[PDB]
Amino acid sequence: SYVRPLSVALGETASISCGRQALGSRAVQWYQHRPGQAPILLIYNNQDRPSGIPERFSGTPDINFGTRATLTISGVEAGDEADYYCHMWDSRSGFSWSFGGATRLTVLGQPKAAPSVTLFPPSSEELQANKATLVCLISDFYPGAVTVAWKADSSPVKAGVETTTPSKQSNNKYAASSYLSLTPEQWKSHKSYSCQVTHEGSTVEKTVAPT
Amino acid sequence: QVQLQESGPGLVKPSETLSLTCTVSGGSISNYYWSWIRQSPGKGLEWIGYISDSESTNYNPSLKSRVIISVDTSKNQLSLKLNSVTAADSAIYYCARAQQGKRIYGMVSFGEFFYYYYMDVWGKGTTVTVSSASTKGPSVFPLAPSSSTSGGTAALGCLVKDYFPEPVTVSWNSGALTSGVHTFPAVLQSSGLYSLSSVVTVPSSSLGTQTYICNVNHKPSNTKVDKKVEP
Amino acid sequence: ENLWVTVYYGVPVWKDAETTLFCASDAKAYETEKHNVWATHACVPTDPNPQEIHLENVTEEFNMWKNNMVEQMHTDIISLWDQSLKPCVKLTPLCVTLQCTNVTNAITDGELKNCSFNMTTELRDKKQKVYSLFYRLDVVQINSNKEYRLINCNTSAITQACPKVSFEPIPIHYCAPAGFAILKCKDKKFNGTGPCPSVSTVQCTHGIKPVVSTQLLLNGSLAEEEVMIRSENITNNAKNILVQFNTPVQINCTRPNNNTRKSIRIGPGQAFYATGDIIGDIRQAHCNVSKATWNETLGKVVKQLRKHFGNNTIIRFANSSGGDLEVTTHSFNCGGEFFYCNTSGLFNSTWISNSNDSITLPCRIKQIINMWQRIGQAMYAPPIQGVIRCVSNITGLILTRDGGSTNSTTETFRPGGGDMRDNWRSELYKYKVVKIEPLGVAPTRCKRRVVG
Ligand SMILES: *[C@@H]1O[C@H](CO)[C@@H](O[C@@H]2O[C@H](CO)[C@@H](O[C@@H]3O[C@H](CO[C@H]4O[C@H](CO[C@H]5O[C@H](CO)[C@@H](O)[C@H](O)[C@@H]5O[C@H]5O[C@H](CO)[C@@H](O)[C@H](O)[C@@H]5O)[C@@H](O)[C@H](O)[C@@H]4O)[C@@H](O)[C@H](O[C@H]4O[C@H](CO)[C@@H](O)[C@H](O)[C@@H]4O[C@H]4O[C@H](CO)[C@@H](O)[C@H](O)[C@@H]4O[C@H]4O[C@H](CO)[C@@H](O)[C@H](O)[C@@H]4O)[C@@H]3O)[C@H](O)[C@H]2NC(C)=O)[C@H](O)[C@H]1NC(C)=O
Ligand SMILES: *[C@@H]1O[C@H](CO)[C@@H](O[C@@H]2O[C@H](CO)[C@@H](O[C@@H]3O[C@H](CO[C@H]4O[C@H](CO)[C@@H](O)[C@H](O)[C@@H]4O)[C@@H](O)[C@H](O[C@H]4O[C@H](CO)[C@@H](O)[C@H](O)[C@@H]4O[C@H]4O[C@H](CO)[C@@H](O)[C@H](O)[C@@H]4O[C@H]4O[C@H](CO)[C@@H](O)[C@H](O)[C@@H]4O)[C@@H]3O)[C@H](O)[C@H]2NC(C)=O)[C@H](O)[C@H]1NC(C)=O
Ligand SMILES: *[C@@H]1O[C@H](CO)[C@@H](O[C@@H]2O[C@H](CO)[C@@H](O[C@@H]3O[C@H](CO[C@H]4O[C@H](CO)[C@@H](O)[C@H](O[C@H]5O[C@H](CO)[C@@H](O)[C@H](O)[C@@H]5O)[C@@H]4O)[C@@H](O)[C@H](O[C@H]4O[C@H](CO)[C@@H](O)[C@H](O)[C@@H]4O)[C@@H]3O)[C@H](O)[C@H]2NC(C)=O)[C@H](O)[C@H]1NC(C)=O
Ligand SMILES: *[C@@H]1O[C@H](CO)[C@@H](O[C@@H]2O[C@H](CO)[C@@H](O[C@@H]3O[C@H](CO[C@H]4O[C@H](CO)[C@@H](O)[C@H](O)[C@@H]4O)[C@@H](O)[C@H](O[C@H]4O[C@H](CO)[C@@H](O)[C@H](O)[C@@H]4O)[C@@H]3O)[C@H](O)[C@H]2NC(C)=O)[C@H](O)[C@H]1NC(C)=O
Ligand SMILES: *[C@@H]1O[C@H](CO)[C@@H](O[C@@H]2O[C@H](CO)[C@@H](O[C@@H]3O[C@H](CO)[C@@H](O)[C@H](O[C@H]4O[C@H](CO)[C@@H](O)[C@H](O)[C@@H]4O)[C@@H]3O)[C@H](O)[C@H]2NC(C)=O)[C@H](O)[C@H]1NC(C)=O
Ligand SMILES: *[C@@H]1O[C@H](CO)[C@@H](O[C@@H]2O[C@H](CO)[C@@H](O)[C@H](O)[C@H]2NC(C)=O)[C@H](O)[C@H]1NC(C)=O
Ligand SMILES: *[C@@H]1O[C@H](CO)[C@@H](O[C@@H]2O[C@H](CO)[C@@H](O)[C@H](O)[C@H]2NC(C)=O)[C@H](O)[C@H]1NC(C)=O
Ligand SMILES: *[C@@H]1O[C@H](CO)[C@@H](O[C@@H]2O[C@H](CO)[C@@H](O)[C@H](O)[C@H]2NC(C)=O)[C@H](O)[C@H]1NC(C)=O
Ligand SMILES: *[C@@H]1O[C@H](CO)[C@@H](O[C@@H]2O[C@H](CO)[C@@H](O)[C@H](O)[C@H]2NC(C)=O)[C@H](O)[C@H]1NC(C)=O
Ligand SMILES: *[C@@H]1O[C@H](CO)[C@@H](O[C@@H]2O[C@H](CO)[C@@H](O)[C@H](O)[C@H]2NC(C)=O)[C@H](O)[C@H]1NC(C)=O
Ligand SMILES: *[C@@H]1O[C@H](CO)[C@@H](O[C@@H]2O[C@H](CO)[C@@H](O)[C@H](O)[C@H]2NC(C)=O)[C@H](O)[C@H]1NC(C)=O
Ligand SMILES: *[C@@H]1O[C@H](CO)[C@@H](O)[C@H](O)[C@H]1NC(C)=O
Ligand SMILES: *[C@@H]1O[C@H](CO)[C@@H](O)[C@H](O)[C@H]1NC(C)=O
Ligand SMILES: *[C@@H]1O[C@H](CO)[C@@H](O)[C@H](O)[C@H]1NC(C)=O
């Protein structure tokens, strides 16, 4: 149905159990999948890793029955964090079409990174189009949990606010963006507009004003 | 040494036939197997079917009634066709090269061997949305530099107003500038159209003028838009 | 010139006699596991050293086919089987209707069946629904889910072999009482019947293992020098053919399935041993036989075969074609499970003009058995835990001709097992029972002291 969570300290090895354990002799495939990217198989046969894969990942051979297919990751790092699927093929069960239930690997103890916020006022060409959007961009922040509150002056806006859920980038840090839709007349009326981003206990505020 | 390229519409009306094409450049289609996998948001990835080198199909029982897989001999491409699609059929679609393995736990003559498959090479993946809503070309507005941190450093960007559907590809100077680029994921507004932003971090000494232009492409809209950005 | 009769007591004189023999076997404490049916609680221990006394000049006629030691041993095995079955649990309530499904596999192959059924508990009023694993041969269908019954329930009652007793054959020495003796033919080239030039006398036979077998003979004794062909009459097709090897072939039989035993209580004291679910792969039982050695042994057989069929003639081998399933397959017991093997791969040959590659034989398994053509009380062999693997010497064979055909054109040999006694004859061919008549009267020139 849905994903099972796993948490590991940074730099410490981890074992990933496989659901629907086999009834007879089995050949298991371990796939590494990142959301939005192409899945990479780490182990096609239970021992066996394709070329290019680091030696840190390993799986159990079923030399003697009774062993449980697990995925061992040594030197756990940020890049290891991901979703891992366990494709099972045993002799007793028939054709196994579905992959295993996903396993969300999270790496604990990662160093937190302050968010880099950049607020952009609406373009003049957008104002000619009779529309206005304030664009608040947040990059390179971990852990990926932020709250965005918009202010005009003192006042909060609370309307026309649309924010993306944070998404991981190649930096292994998260990235989120917030859009405040406004009418050009409302943009000209107020003195300045402020984007407030709260990350953990800290809070960063950026301000922009009409020309 | 094998490359897979997924090409398709990216948007299909509900209750219509979806088609996709997966071109292979590394090797002949008739030596290895091929398979289709789809990844829908909020769910695990799903194996839907595979095709053999000798052109023998086999489908997942859940979708068996609606899926047809084909492979072309003249072109190293394999096609996927899905009938009576709905909003759930919309997902990221991957085609992958599957190799066959034989696992023997007893003696072969009586049986006691089962075949297993595994996909070593994957394509980048094409996204497909299913909705009655029409296509909407993007509106590109430049984001002027604030003039931001005591230098080097300053930031500019491009805004892609509401469009449909995903994805939008963004390059800068036709791929000439790669450093400092960061294209954020789009937001689905209550309007029903996505909106994204793309920023570049450059030194204020670079200004000016370095003549920074951003290029935006929307495959469903059939429109390619280039916009100049300046203070 | 005057001759008088004189009495001599203890003269070496004997006559052919049939008497009641008794058992003898060396004592193994076996304090851990006990009570194999043949050794019983007791069988008389063997003498520390047996005495085999050669008889110079003595030539005695033997007939292995008119031997009574065979019939005695036959009735002894049968009676021993019944004596060991009496105290064990009889499965009269196990004839409930069974709802059975196949054991899980991808359906590329599957004999064995998963059977659920009701069963009386210990309290008379309460009932339990339990499940057991049954091989296909033990059960037959009547009508739905599907519905099944045990094959025996319409022919006879059934009783479960006690788990402690072992079916392993141990050597049993047949001994004659005082006043009788056993004569042993030591002729290497000895035909089945006829005058034996080299004869010795013994009080007890050698250690004979009562191996219950069909087709090929197992764990027997090997003839020295040439292999031996023994029949009651060679030219008669109806009479079987006994073959004894000089070199033993090796045969390995394994049941790879890693079975489990489930003890379900079916009454006060009573306990049925159901077959639990298999652990691991589903593999069927088999036996390999080295193709090279079996080709050599088959070659030596046909060399001795042609000595009775012409120096040149077509001698071919075919599979069994007569009778029910229990006579068509090489039936035997290994570790407590009863194996039944397709032997067609061993007897598919034709002989004319004078890698490892081990042959493999498929073997099915039955848990309900009626050996020695027994109609009536059947036996349920309890399941054996773990994987089974036994190595056996195959020392002999039992063959049969096809009979009516155009003579001397081609000769065809198929394996048969018409009777179980032929297995006893294969090891009793050399022994014979006689009674000592120690009273001899002869004339000498000796007279007793006159009364007058
Ligand atoms: C009576 O007589 C009959 C007839 O002789 C006899 O029948 C035999 O019974 C045996 C068991 O009783 C049975 O044995 C098993 O045999 C399996 C097959 O062995 C052969 O093939 C394999 C594979 O060959 C492939 O792949 C190799 C590896 O890359 C490759 O080099 C070859 O080129 C070949 O590829 C080619 O052919 C493929 C088709 O198979 C094709 O797909 C390819 O495209 C290519 O064309 C060889 O490795 C052997 O050398 C033999 O040649 C064997 O696979 C199996 O054991 C495994 O399973 C056991 C239990 O399930 C485990 O306990 C054991 O450890 C093995 O598991 C290991 O390997 C598997 C798969 O490789 C892996 O999934 C596991 O994780 C585990 O890996 C670990 O060990 C391996 C190596 O051992 C290491 O590499 C890893 O790093 C891990 O450490 C059993 O060995 C036999 O099949 C059967 N024979 C026949 C012909 O019937 C019967 O036994 C006799 N019985 C009596 C009466 O005594
Ligand atoms: C032709 O001749 C050949 C050669 O003689 C025959 O081959 C023989 O084949 C036999 C199989 O049918 C085989 O017998 C068995 O061998 C098994 C393997 O032995 C291994 O271990 C020994 C060490 O002990 C090694 O030396 C050897 O090399 C092997 O590695 C044994 O495991 C078997 O033991 C059991 O079964 C018999 C009868 O069923 C019992 O009498 C015996 O006590 C064993 O049973 C107990 O233990 C098992 C263990 O799981 C339990 O499952 C079972 O319930 C029993 O446990 C209960 O009882 C004990 C004792 O009271 C108690 O402690 C416990 O708590 C429980 O209550 C068995 O011995 C022969 O070894 C093999 N011959 C040779 C020389 O190896 C061939 O069959 C012949 N052909 C024909 C047609 O007959
Ligand atoms: C089984 O059946 C066979 C055949 O029927 C029996 O063999 C016969 O045994 C009888 C009695 O033992 C033999 O009769 C006697 O023969 C001896 C031998 O003659 C001597 O001279 C030979 C010529 O030089 C010489 O080669 C012989 O060598 C043999 O014998 C000695 C042992 O004595 C041995 O050590 C050597 O190696 C040789 O093998 C031998 O020296 C002969 O001497 C006898 O005469 C004497 O004995 C009688 C009493 O028996 C006495 O009355 C005389 O006055 C004289 O003193 C006697 O003739 C017969 O030859 C054997 N062979 C036949 C009949 O063909 C055998 O005994 C049976 N055994 C059993 C267990 O039933
Ligand atoms: C012959 O036929 C019999 C039926 O009479 C089979 O016996 C059944 O075997 C199945 C196995 O497929 C058993 O089903 C399993 O039951 C387990 C019992 O649950 C216990 O644990 C829960 C807590 O989780 C307790 O609340 C409960 O009281 C029990 O103590 C389940 O745990 C199993 O669930 C697992 O498998 C499912 C499969 O979809 C997964 O989705 C789950 O996540 C989990 O991994 C499972 O449901 C059944 O109970 C057996 N019945 C009986 C009467 O024995 C034999 O197996 C069959 N044999 C052959 C050879 O065919
Ligand atoms: C057929 O299947 C049965 C299962 O029903 C199987 O019996 C099992 O064998 C295993 C052996 O692998 C037993 O497991 C052992 O149990 C003992 C009991 O305490 C433990 O001490 C053992 O621990 C050792 O092995 C570990 C392996 O990781 C080591 O890490 C450890 O340090 C010890 O050295 C071990 O766990 C199991 O108890 C039995 N179960 C039963 C019910 O008998 C049988 O072996 C199978 N046979 C075949 C031929 O496949
Ligand atoms: C168990 O397996 C047997 C095969 O050994 C199945 O028997 C078959 O049943 C189908 C009915 O769907 C018939 O068409 C076939 O002819 C049967 N084959 C044989 C060899 O008899 C049986 O249906 C299976 N039962 C279950 C419950 O799975
Ligand atoms: C007992 O039941 C068996 C079935 O298990 C009967 O065997 C059948 O006998 C008939 C003869 O009328 C044959 O045509 C069938 O082929 C037999 N079936 C099998 C599976 O062997 C047997 O006749 C029954 N005996 C009695 C006395 O009722
Ligand atoms: C075993 O060999 C003996 C020879 O000692 C056979 O006995 C002879 O058999 C032939 C015919 O086969 C008869 O003509 C002779 O009269 C028999 N001789 C004696 C002394 O009885 C015996 O038949 C052979 N047995 C088999 C089964 O071939
Ligand atoms: C039956 O099994 C025995 C042993 O389990 C086999 O004997 C082995 O033969 C191989 C040669 O292939 C030798 O390397 C081993 O050393 C032997 N083992 C022993 C204990 O001597 C025998 O070959 C098997 N026979 C068949 C027909 O399968
Ligand atoms: C024993 O094996 C032989 C050959 O392996 C089996 O003969 C086969 O019989 C089936 C019909 O039952 C035919 O379709 C096959 O063509 C036969 N094989 C050959 C090679 O001719 C025989 O049936 C087996 N015995 C049992 C009881 O299954
Ligand atoms: C199985 O047969 C073999 C013959 O290959 C037997 O091994 C021989 O045993 C006898 C004693 O009975 C020795 O004189 C031989 O030297 C042995 N042969 C070899 C090659 O060493 C083996 O004992 C038999 N196993 C049984 C009867 O259980
Ligand atoms: C078990 O007994 C019940 C009676 O309570 C019956 O309804 C059911 O069909 C029985 N099940 C089988 C497999 O015979
Ligand atoms: C030997 O067998 C043949 C059958 O071919 C038979 O006619 C003959 O009477 C038999 N001879 C004896 C003495 O039994
Ligand atoms: C004997 O072999 C024939 C093939 O000639 C086959 O049809 C038959 O089933 C076999 N019988 C046995 C009992 O193996």
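Cβ atoms come from the backbone with ideal geometry, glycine included; neighbour counts cover every protein chain shown. Any read-out appearing in this document is the output of simple, stated calculations on the displayed coordinates, not a laboratory observation.
Note down the nm distance, to one decimal, between modelled labels 7 Å out along Cα→Cβ at C:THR97 and at B:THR86.
4.1
Rounded if a/c is under 1.5, else prolate if a/b is larger than b/c, else oblate: which is region C:272-363, with a ≥ b ≥ c the root eigenvalues of its Cα gyration tensor?
On the way: a/c = 3.36, a/b = 2.14, b/c = 1.57.
Note, shape of region C:272-363 comes out prolate.
Work out which trypsin sites (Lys or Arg not before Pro) in chain A are exposed loop sites (DSSP not H, G, I, E or B, at most 10 other Cβ within 10 Å) and give the longest gap free of them. Working shown, then result.
On the way: sites that count: A:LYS158, A:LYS191.
It runs A:1-157.
So the label point goes 7 Å from the Cα of C:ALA292 along Cα→C-beta, right? Which residues of region C:338-379 then have their backbone N under 12 Å from it?
Taking a point 7 Å out along Cα→Cβ of C:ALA292, the residues of region C:338-379 whose backbone N falls under 12 Å are C:355-358.
Residues in region C:305-342 near a label at C:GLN373, defined as backbone nitrogen under 15 Å from the 7 Å Cα→Cβ point?
C:323-328
Using a Förster distance of 35 angstrom, determine the FRET efficiency expected from the C-beta separation of A:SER202 and B:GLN5, and round it to 0.05.
On the way: r = 44 Å, r/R0 = 1.27.
So the FRET efficiency works out to roughly 0.20.
Only residues of region B:88-132 count here: report those whose backbone N is under 14 Å from the spot 7 Å along Cα→Cβ of B:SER62, or say none.
B:88-91
Given the options A:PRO61, A:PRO166, A:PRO184, which has the most mean-square fluctuation in a GNM of chain A, springs set between C-alpha atoms less than 10 angstrom apart?
A:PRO184
Multiply the residue gap between C:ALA157 and C:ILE279 by 0.36 nm, knock off their C-alpha separation, and tell me the result in nm, one decimal place.
On the way: separation 122, 0.36 × 122 = 43.92 nm, distance 3.13 nm.
In short, 40.8 nm is gained.
If you build the convex hull over the alpha carbons only and average its shadow over all orientations, what do you get for chain C? Give it in nm² to one decimal.
Values: hull surface 132.3 nm².
Mean projected area for chain C: 33.1 nm², to one decimal.
Please get the size of the charge dipole for chain B, origin at its Cα centre, with Cβ charges of +1 on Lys and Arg and -1 on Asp and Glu, quoted in debye to the nearest 20. Display every interim value, and only then the final one.
Numbers: 17 positive and 13 negative charges, 40 e Å.
Dipole about the Cα centre, nearest 20: 200 debye.
Label B:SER191 and C:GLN51 with points 7 Å out from Cα along Cα→Cβ: what is the distance between them in nm?
Placing both labels 7 Å along Cα→Cβ, they lie 12.0 nm apart.
Between C:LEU439 and C:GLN304, what FRET efficiency follows from the Cβ-Cβ distance if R0 is 30 Å, with the result rounded to 0.05? Display every interim value, and only then the final one.
Details: r = 45 Å, r/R0 = 1.49.
Using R0 = 30 Å, I get an efficiency of 0.10.
Among C:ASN63, C:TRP14, C:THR46, whose Cα lies farthest out toward the positive end of the dipole of region C:1-133, if unit charges sit on the beta carbon of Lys, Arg (+1) and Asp, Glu (-1)?
The Cα lying farthest towards the positive end belongs to C:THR46.
Average projected area of the Cα convex hull of the protein assembly as shown, in nm²?
Details: hull surface 249.5 nm².
For the protein assembly as shown, the mean projected area of the Cα convex hull comes to 62.4 nm².
Can you tell me, using C-alpha contacts under 8 Å and at least 6 residues apart, the relative contact order of region B:1-100 as a whole percent? Provide the component values of the computation, followed by the final result.
On the way: 202 pairs, mean separation 35.7, N = 100.
Across region B:1-100, relative contact order equals 36 percent.
Could you compute the FRET efficiency for A:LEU6 and B:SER148, with r as their C-beta to C-beta distance and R0 at 30 Å, rounded to 0.05? Display every interim value, and only then the final one.
Working: r = 40 Å, r/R0 = 1.33.
E(calc), rounded to 0.05, equals 0.15.
Which value, in debye to the nearest 20, describes the size of the charge dipole of chain A about its Cα centre when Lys and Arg Cβ atoms bear +1, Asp and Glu Cβ atoms bear -1, and nothing else is charged?
Working: 18 positive and 17 negative charges, 66 e Å.
So the magnitude is around 320 debye.
Need one word for chain B: rounded, prolate or oblate. Basis is the Cα gyration tensor (sqrt eigenvalues a ≥ b ≥ c); a/c below 1.5 gives rounded, then a/b vs b/c decides.
Details: a/c = 2.85, a/b = 2.02, b/c = 1.41.
It is prolate, given that a/c is not under 1.5 and a/b is the larger ratio.
Quantify how strongly other chains surround peptide A:86-96 by giving the mean number of their Cβ atoms within 10 Å of each of its Cβ atoms.
Working: counts 0, 5, 1, 7, 6, 15, 9, 4, 6, 8, 4.
So the per-residue partner count for this stretch is 6.
Would you work out if region B:133-231 is rounded, prolate or oblate? Take a ≥ b ≥ c from the square roots of the eigenvalues of the alpha-carbon gyration tensor; rounded if a/c is under 1.5, else prolate when a/b is larger than b/c, oblate otherwise. Kindly include the intermediate steps, with their values, before the conclusion.
Numbers: a/c = 2.60, a/b = 1.95, b/c = 1.33.
Note, shape of region B:133-231 comes out prolate.
Extending each Cα 7 Å along its Cβ direction at C:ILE352 and C:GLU226, get the distance between those two points in nm, one decimal.
In this crude spin-label approximation the distance works out to 2.5 nm.
Taking 4 °C and 1.567 mPa s as the conditions, I'd like the Stokes-Einstein D for region A:1-66 in µm²/s, using the Kirkwood hydrodynamic radius from alpha carbon pairs. Kindly include the intermediate steps, with their values, before the conclusion.
Values: Rh = 13.9 Å.
My calculation gives 93 µm²/s for D.
Under a point-charge model restricted to the Cβ atoms of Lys and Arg (+1) and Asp and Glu (-1), what is the dipole moment magnitude of region B:1-132 relative to its Cα centre, in debye to the nearest 20?
On the way: 11 positive and 9 negative charges, 36 e Å.
It comes to approximately 180 debye.
Exceeding 24 Å between C-alpha atoms, which entries from my cross-link table qualify? They are B:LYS161/B:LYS228; C:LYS126/C:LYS366; A:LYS168/B:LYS64; C:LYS184/C:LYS209; C:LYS184/C:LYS307; C:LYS34/C:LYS430. The partial results should precede the final answer.
Working: B:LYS161/B:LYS228 16 Å; C:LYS126/C:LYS366 31 Å; A:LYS168/B:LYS64 35 Å; C:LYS184/C:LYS209 18 Å; C:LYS184/C:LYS307 26 Å; C:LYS34/C:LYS430 32 Å.
The answer is C:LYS126/C:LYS366; A:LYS168/B:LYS64; C:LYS184/C:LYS307; C:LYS34/C:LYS430.
Skipping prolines and chain starts, which residues have an amide H placed within reach, meaning under 5 Å, of the one on A:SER93, given they are 5 or more residues away or on another chain?
Long-range HN contacts for A:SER93: A:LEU23, A:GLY24.
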